[PDB]
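Chains as they are written, first to last, in PDB author numbering: chain D, 4 to 219; chain A, 18 to 364; chain C, 464 to 588, 595 to 612; chain E, 1 to 227. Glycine is no exception: its CB is placed at the ideal position from the N, C-alpha and C atoms. First the structure, in the form of C-alpha cells, and then the observations on it.
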Amino acid sequence: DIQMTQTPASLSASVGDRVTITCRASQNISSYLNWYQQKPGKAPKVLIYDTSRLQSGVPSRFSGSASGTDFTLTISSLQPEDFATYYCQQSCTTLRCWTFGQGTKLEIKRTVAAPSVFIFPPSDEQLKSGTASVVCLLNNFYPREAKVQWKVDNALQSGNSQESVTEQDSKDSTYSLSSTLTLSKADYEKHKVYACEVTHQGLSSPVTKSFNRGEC
Amino acid sequence: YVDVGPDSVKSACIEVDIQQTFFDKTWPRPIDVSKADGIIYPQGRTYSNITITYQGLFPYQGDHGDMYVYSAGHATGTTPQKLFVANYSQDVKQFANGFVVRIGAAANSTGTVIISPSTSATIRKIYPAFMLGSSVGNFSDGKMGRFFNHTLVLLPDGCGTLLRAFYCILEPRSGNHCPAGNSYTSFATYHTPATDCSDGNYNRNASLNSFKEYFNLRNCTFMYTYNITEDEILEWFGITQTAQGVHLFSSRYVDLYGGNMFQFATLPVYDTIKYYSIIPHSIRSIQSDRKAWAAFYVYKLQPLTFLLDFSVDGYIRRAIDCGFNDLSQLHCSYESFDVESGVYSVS
Amino acid sequence: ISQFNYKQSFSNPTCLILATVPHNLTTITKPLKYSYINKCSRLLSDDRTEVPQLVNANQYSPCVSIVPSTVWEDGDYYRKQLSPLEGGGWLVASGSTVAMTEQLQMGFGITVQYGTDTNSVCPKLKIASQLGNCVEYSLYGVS
Amino acid sequence: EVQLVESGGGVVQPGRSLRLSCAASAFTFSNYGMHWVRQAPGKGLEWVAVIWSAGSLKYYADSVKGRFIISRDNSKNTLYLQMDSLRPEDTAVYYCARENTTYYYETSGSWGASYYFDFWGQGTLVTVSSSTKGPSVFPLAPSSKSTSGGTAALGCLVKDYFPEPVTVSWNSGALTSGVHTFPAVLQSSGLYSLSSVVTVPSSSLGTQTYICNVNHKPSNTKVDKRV
Numbered sequence: 004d005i006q007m008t009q010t011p012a013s014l015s016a017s018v019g020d021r022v023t024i025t026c027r028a029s030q031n032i033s034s035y036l037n038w039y040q041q042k043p044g045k046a047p048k049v050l051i052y053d054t055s056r057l058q059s060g061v062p063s064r065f066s067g068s069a070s071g072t073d074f075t076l077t078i079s080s081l082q083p084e085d086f087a088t089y090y091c092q093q094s095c096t097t098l099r100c101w102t103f104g105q106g107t108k109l110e111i112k113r114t115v116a117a118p119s120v121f122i123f124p125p126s127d128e129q130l131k132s133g134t135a136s137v138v139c140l141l142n143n144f145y146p147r148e149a150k151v152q153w154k155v156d157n158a159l160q161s162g163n164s165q166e167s168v169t170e171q172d173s174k175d176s177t178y179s180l181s182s183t184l185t186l187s188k189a190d191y192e193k194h195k196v197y198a199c200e201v202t203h204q205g206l207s208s209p210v211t212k213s214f215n216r217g218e219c
Numbered sequence: 018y019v020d021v022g023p024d025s026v027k028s029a030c031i032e033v034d035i036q037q038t039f040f041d042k043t044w045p046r047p048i049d050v051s052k053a054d055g056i057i058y059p060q061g062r063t064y065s066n067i068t069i070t071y072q073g074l075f076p077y078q079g080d081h082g083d084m085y086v087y088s089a090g091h092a093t094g095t096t097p098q099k100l101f102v103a104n105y106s107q108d109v110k111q112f113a114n115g116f117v118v119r120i121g122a123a124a125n126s127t128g129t130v131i132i133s134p135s136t137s138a139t140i141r142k143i144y145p146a147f148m149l150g151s152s153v154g155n156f157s158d159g160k161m162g163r164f165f166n167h168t169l170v171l172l173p174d175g176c177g178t179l180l181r182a183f184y185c186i187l188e189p190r191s192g193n194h195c196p197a198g199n200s201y202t203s204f205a206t207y208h209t210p211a212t213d214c215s216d217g218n219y220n221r222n223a224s225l226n227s228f229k230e231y232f233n234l235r236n237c238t239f240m241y242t243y244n245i246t247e248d249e250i251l252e253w254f255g256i257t258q259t260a261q262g263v264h265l266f267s268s269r270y271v272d273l274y275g276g277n278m279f280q281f282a283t284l285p286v287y288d289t290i291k292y293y294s295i296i297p298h299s300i301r302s303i304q305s306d307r308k309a310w311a312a313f314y315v316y317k318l319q320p321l322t323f324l325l326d327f328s329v330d331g332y333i334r335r336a337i338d339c340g341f342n343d344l345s346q347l348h349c350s351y352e353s354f355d356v357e358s359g360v361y362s363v364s
Numbered sequence: 464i465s466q467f468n469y470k471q472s473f474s475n476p477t478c479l480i481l482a483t484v485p486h487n488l489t490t491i492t493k494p495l496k497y498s499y500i501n502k503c504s505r506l507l508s509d510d511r512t513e514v515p516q517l518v519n520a521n522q523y524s525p526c527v528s529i530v531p532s533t534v535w536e537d538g539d540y541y542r543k544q545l546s547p548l549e550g551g552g553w554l555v556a557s558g559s560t561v562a563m564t565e566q567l568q569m570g571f572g573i574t575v576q577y578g579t580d581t582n583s584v585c586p587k588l595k596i597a598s599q600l601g602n603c604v605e606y607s608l609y610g611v612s
Numbered sequence: 001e002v003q004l005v006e007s008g009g010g011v012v013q014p015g016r017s018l019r020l021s022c023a024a025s026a027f028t029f030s031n032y033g034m035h036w037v038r039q040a041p042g043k044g045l046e047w048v049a050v051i052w053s054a055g056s057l058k059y060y061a062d063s064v065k066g067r068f069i070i071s072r073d074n075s076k077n078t079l080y081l082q083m084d085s086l087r088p089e090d091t092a093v094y095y096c097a098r099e100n101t102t103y104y105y106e107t108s109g110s111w112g113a114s115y116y117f118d119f120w121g122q123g124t125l126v127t128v129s130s131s132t133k134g135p136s137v138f139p140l141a142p143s144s145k146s147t148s149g150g151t152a153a154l155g156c157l158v159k160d161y162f163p164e165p166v167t168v169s170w171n172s173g174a175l176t177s178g179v180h181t182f183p184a185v186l187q188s189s190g191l192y193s194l195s196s197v198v199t200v201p202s203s204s205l206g207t208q209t210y211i212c213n214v215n216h217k218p219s220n221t222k223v224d225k226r227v
C-alpha cells in the first residue's frame with residue numbers, strides 16, 4: 004500500500020516569506036508524485052503532476068522538488084491569498100487506489116495579541132427547554148493554540164465542555180474560541196458557580212472569570 | 018507456451034487522434050496482367066520459354082485495390098505525444114483467400130506529407146502490419162477490430178528492418194486510450210525515427226511495447242522473426258491460407274526486381290481465418306522528422322485461369338487474364354499472346 | 464468424428480495409422496480423457512434454422528475453438544453469440560468424452576505432398598551421385 | 001465550458017441504499033474516464049471509485065468492496081454511483097472529476113504535459129442521519145454591564161438542529177462588526193450546535209437593544225430573538 008505523512012503538518016508563514024513543505028513518498032517504484040492546492044469550501048486545484056510542468060495561473064514562486072524519498076514544495080513571496088491547505092498524493096500505474104492527503108494549511112505570522120474573554124450566562128428559554136449551555140468566548144488571540152479549562156464550584160468539568168474555533172478573517176485574521184456546555188436541569192441547580200479558566204501562550208498568567216446564578 | 022518478453026510498464030495507453038479525411042488521397046493504382054506486376058509465380062511448376070496456361074489464386078486485372086497509409090501523430094515541434102491512424106481499426110476485411118500488397122512504388126518520388134498537405138517530402142517506403150483472426154468483435158468502448166481471439170499478428174520490427182510474426186490471444190487492459198480502458202479511441206503501434214530508427218540502432222522492443230500497451234499477449238503458440246532485406250525498391254508480399262499450413266510469399270526474398278512471388282516462410286496455423294486488419298501502425302516524430310510515407314495496397318487473390326509467358330530467365334514477364342476482357346479470353350484460346358484477326362463467338 | 468473434428472485430404476496421397484504408445488516410454492503425457500466433438504452447428508439469427516458446420520480438410524472448426532482442449536463431460540453443450548459483424552446468431556457445439564484406455568492410443572496421420580517441385584524429405588541412405602550418365606534418377610519429384 | 005452537476009445527495013438512514021448521479025454539460029463523458037473523490041470534514045480528499053469511459057472495468061477503494069457501484073451511460077451523459085450500508089463515519093462530500101494521464105516520451109529531451117484536470121466537480125454533501133429534531137435558538141444576555149468591562153459581545157446559540165442549512169444574522173445583518181461564526185459540532189446526541197456572536201460597543205449596552213435574526217431554509221422560519 005502507500006503510506007504518506009506530511010512532517011510540517013501546519014506552517015506558520017509571514018507575508019513575503021520563504022517556506023518548504025516536505026511530504027514523504029512511500030515508494031520510489033512510481034515516479035508520479037503530484038501537489039494539489041485546496042481552498043476551504045472549494046475543490047482542489049492542480050499545481051504539479053509529473054513535476055516537469057507548471058499549472059497555468061500558478062506563479063513561478065510555487066515550485067515542487069523531489070530529493071531521495073522526500074518531495075518538498077518551495078514557496079516564495081507568500082501572500083494571505085497564497086496560504087491554502089496542500090495535499091500531495093502518490094500516483095501509481097500498478098495501484099488503482101489513490102493516496103490520501105494529510106493537508107498543510109498555512110497560518111500567518113503576526114505580533115502576539117492578548118485574548119479578550121467574554122462570559123455568556125445560559126438563556127432562560129434554554130433553561131425552560133431543560134438544557135443549561137453556558138458559553139465562554141475568547142477573542143483577538145494571535146496563537147492558534149489556546150487552553151480552556153471549565154471548573155464548576157472549583158471542580159474540573161470534562162466532556163461537557165466543547166471548544167470551537169471561528170473561521171479566520173481574510174484581512175483581520177481574528178481568532179475566537181467558543182465553549183459549549185451540555186448540562187441537565189438538575190446539573191444546572193447542582194452547579195451554583197460556573198467558572199472559565201483560560202491559559203494562553205500570549206498570556207504570562209492564566210486567568211479565571213467566574214460567575215454564579217442570578218445576577219439580573 | 019513461448020514468452021512474449023517484458024509486459025508494458027505503462028497502465029495507460031498513448032492517446033490516439035483519428036483523421037481519416039487527411040489520410041484519404043486521390044491516385045491511380047491499376048494492376049496490369051501484361052506488366053505481370055501482382056502475378057504470383059508457382060513454386061510447384063517451373064517452365065521454359067514456351068507459354069502455358071495454369072489455374073492459381075490471382076488478383077483480377079484492373080483492380081485498384083485498397084490504399085493503406087500510415088502518418089505521424091499530432092506533435093508540437095519540441096515534443097511528439099499524439100498517435101495518428103486512419104479508422105482502419107474499425108474497418109474489418111474478410112480473409113476469404115488471403116491478399117497481396119505492393120510496397121515501395123510510392124518511394125523514390127516526392128509527395129505531400131499525409132498529416133500536412135502544405136509540407137512536401139520525398140516518399141519513404143513502409144512495411145504493412147496485418148493482424149488476422151477467425152472472429153472479430155466490437156470492444157467495450159464500441160471500437161470494432163478488438164478480436165481478442167485473433168491468432169495471427171504480423172508486425173514489422175526495428176522500423177521494418179525485420180518482420181515479427183506471432184499468434185497469441187489478445188488481452189484487454191484498463192488504461193487511458195486502451196481498448197477496455199478509459200478514453201479508448203483506437204489501437205496503434207509507434208516507431209520513432211530519432212531514436213528507434215536512428216542509423217545503426219533499431220529497437221524491435223519499441224514496436225512490441227506499443228502493441229503490448231493496447232493488448233497483453235497470452236497463450237502464445239510461437240514466435241517468428243525474419244531479417245529479410247530492406248531497400249527503397251518496389252516489393253510484393255502475399256499471404257495465403259492452405260490446408261497443410263498458412264503460407265507466406267515475399268518477392269524481396271528471391272528477386273526484388275522481378276516482383277515474382279516465392280514462399281519465404283511457413284506458418285503452422287490450421288485454424289480458418291475469416292477476418293484481417295491492415296495499416297494499424299503509426300509514426301511518432303517531431304514536425305521536422307515527418308516525411309511523406311509510402312503506402313500498402315491490398316489485392317484479393319481469387320481462383321483464376323491465367324495465360325503465363327516465361328522468359329529465358331524463367332521468370333514470368335507477360336501474363337493474360339482470361340476472365341477480364343473478351344479479347345483476353347480469345348488470347349487464352351489457341352495458347353497464343355497474339356491471335357490472327359477473325360470473328361469469334363464469346364460467352 | 465471425421466466430419467466434426469479432423470478430415471484427412473482425399474486429393475493428397477495420405478496414410479491413416481492407429482498406434483499404441485508402449486507403457487515403458489514416459490515421453491508421452493496422458494490426457495484427462497479422450498474427447499471429440501459429437502456435432503458442430505451454427506444457429507441462424509432467426510433461431511428457427513440451424514446450419515451444420517463441416518470441418519475443411521486439415522482446418523479447425525469454429526466450434527473447436529469454443530470447445531475446451533478436453534471436453535468436461537459427454538454430451539456437453541457450448542453456446543456462443545457471434546458479433547453483429549459476424550451476423551450474430553448463436554453457435555451450437557456438442558462434445559462427447561470417451562474414458563481413457565489403460566494404454567494410450569494415438570491417431571497418426573501421414574500426409575505426403577509432391578505439389579511443390581523442389582523440396583527434400585528423403586529416407587536415410595557413386596550410384597547416388599552425378600556419375601550415373603544413363604538412366605534412373607530417384608529425385609524427390611519423380612524417378 | 002464543461003459543467004459538472006451532482007444530484008441525489010441527501011440525508012439517509014444508516015444501512016439504507018442511496019443513489020448519486022453526476023451529469024456532464026458540454027463534456028466528452030463518452031471518451032473521458034471519471035474519478036470519484038470523497039472529502040471527510042477535518043480530513044483531505046481521498047479517491048473512492050473510478051469508472052472507465054468504456055465502462056468494462058470499475059475499480060473501488062479497499063475500504064469499500066461492492067458497497068460502491070459505478071455505472072457510466074454515454075447516451076445519458078450521467079454517471080450513477082450506488083452507496084449501500086452507509087454509516088456515520090462514511091458521511092462525506094462526494095465529487096465527480098475527470099483525470100487525464102500525463103505521459104512524456106523523451107525522444108530528444110521531449111516532455112508532454114498531457115494534463116486535463118480542469119472543471120473539478122462541485123461535489124455534494126451527504127449526511128447519514130435519522131430522527132431529525134427541530135432547531136432551537138437561545139439568545140445570550142450578559143449577567144452584568146461590569147462583567148463585560150472593556151469588550152462586550154452579543155451572541156445567540158442554536159442547539160439540537162438536525163438540518164444542515166441554518167442562516168444566522170444580527171439585527172437582520174445590520175451588525176457586521178467582528179461577527180464570529182463557529183462550525184456546527186456533533187456531540188454524543190449527534191445534533192448540530194451553531195454559535196454566532198457579534199462584537200458590540202460596551203457603552204451601548206442595555207440602552208441599545210440588539211435582536212438576533214435566524215432563518216431556517218426548510219421551515220422558512222425567521223425567528224427574532226431579542227434580549
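Near-chain A residues of the segment 99 to 111 of chain E (beta-carbon distance less than 8 Å), N- to C-terminal order = Taking a C-beta cut-off of 8 Å against chain A, the contacting residues of the segment 99 to 111 of chain E are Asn-100, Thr-101, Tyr-103, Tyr-104, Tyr-105, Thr-107, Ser-108, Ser-110 and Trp-111, listed in chain order.
Taking the continuous alpha helix (DSSP H) assigned at A:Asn-226, which residues delimit it?
-> That run of the alpha helix (DSSP H) goes 221 to 231.
For E:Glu-46, is the classification buried or exposed, using 16 other Cβ atoms within 10 angstroms of its Cβ as the cut-off for buried?
-> buried
Hey, how far is the Cα of C:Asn-468 from the Cα of C:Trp-535?
-> 17 Å
Residues in the segment 191 to 206 of chain E with C-beta within 7 Å of chain D's C-beta atoms, listed in sequence order?
-> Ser-193, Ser-195 and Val-197
Which listed residue (E:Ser-108, E:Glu-99 and E:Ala-153) has its alpha carbon closest to that of residue 246 of chain E = Since the first and last residues shown for chain E are 1 and 227, residue 246 of chain E lies out of range.
Using a Cβ cut-off of 9 Å (strictly closer), state whether E:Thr-124 contacts chain D.
-> no
Straight-line Cα distance separating C:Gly-558 from E:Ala-54 | 35 Å
Where the segment 500 to 519 of chain C meets chain A: residues whose CB sits under 8 Å from a CB there = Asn-519
Which word fits E:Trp-170, buried or exposed, when buried means at least 16 other C-beta atoms lie within 10 angstroms of its C-beta?
-> buried
What's the C-alpha gap between A:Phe-116 and C:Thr-564?
-> 46 Å
Assumed close pair D:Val-137, D:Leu-184 - CB separation to whole angstroms, cut-off 8 Å | 5 Å
Verify the CB distance criterion: does E:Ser-75 have a CB-CB separation below 9 Å to chain A?
-> no
Are A:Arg-141 and A:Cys-185 close, meaning C-beta to C-beta below 9 Å?
-> no
For A:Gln-60, go through chain C and note every residue whose CB falls closer than 7 Å to its CB, in chain order.
-> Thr-579
Where D:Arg-21 sits in the DSSP three-state scheme = coil
Please name the residue or residues paired with D:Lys-154 in a DSSP beta bridge.
-> D:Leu-159 and D:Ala-198
A:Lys-291 beta carbon less than 9 Å from that of A:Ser-152 | yes
Figure out for me which residue from E:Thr-132, E:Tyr-116, E:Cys-156 and E:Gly-134 has the closest Cα to the Cα of D:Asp-127.
-> E:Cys-156
Do A:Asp-54 and A:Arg-119 have their C-beta atoms closer together than 9 Å?
-> Closer than 9 Å, so yes.
Assess, as a yes-or-no matter, whether the segment 470 to 490 of chain C is touched by the segment 564 to 574 of chain C under the definition of 3 or more beta carbon pairs within less than 8 Å.
-> As far as the Cβ criterion goes, the segment 564 to 574 of chain C touches the segment 470 to 490 of chain C, which means the pair count is three or higher.
Cβ of E:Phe-117 within 8 Å of any heavy atom in the ligand FAD?
-> The model depicted lacks the ligand FAD and carries no ligand whatsoever.
Are any of the Cβ atoms in chain D nearer than 9 Å to that of A:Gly-192?
-> yes
DSSP three-state call for E:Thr-147: helix, strand or coil?
-> helix
Could you say which of A:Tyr-332, A:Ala-336, A:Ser-299 and A:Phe-327 lies nearest to A:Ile-35 if we only look at CA atoms?
-> When only C-alpha atoms are compared, the closest one is A:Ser-299.
Which chain A residues are close to C:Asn-521, counting only those with a beta carbon under 8 Å from its beta carbon?
-> The contacting residues are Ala-260, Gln-261 and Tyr-287.
Sort A:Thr-257, A:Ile-295 and A:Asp-355 by Cα distance to A:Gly-82 and report the nearest one.
-> A:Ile-295
Looking at the structure shown, is C:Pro-515 part of a helix, part of a strand, or coil, going by DSSP?
-> strand
Helix, strand or coil for A:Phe-101, going by three-state DSSP, please let me know.
-> strand
Is DSSP giving residue 589 of chain C helix, strand or coil here?
-> Missing here is residue 589 of chain C; chain C as given proceeds from 588 to 595 without the residues in between.
For chain A, find out if any of its Cβ atoms is closer than 9 Å to the Cβ of E:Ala-54; answer yes or no.
-> yes
Using a beta-carbon distance below 9 Å, is D:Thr-54 in contact with chain A?
-> No, D:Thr-54 does not count as interfacial toward chain A.
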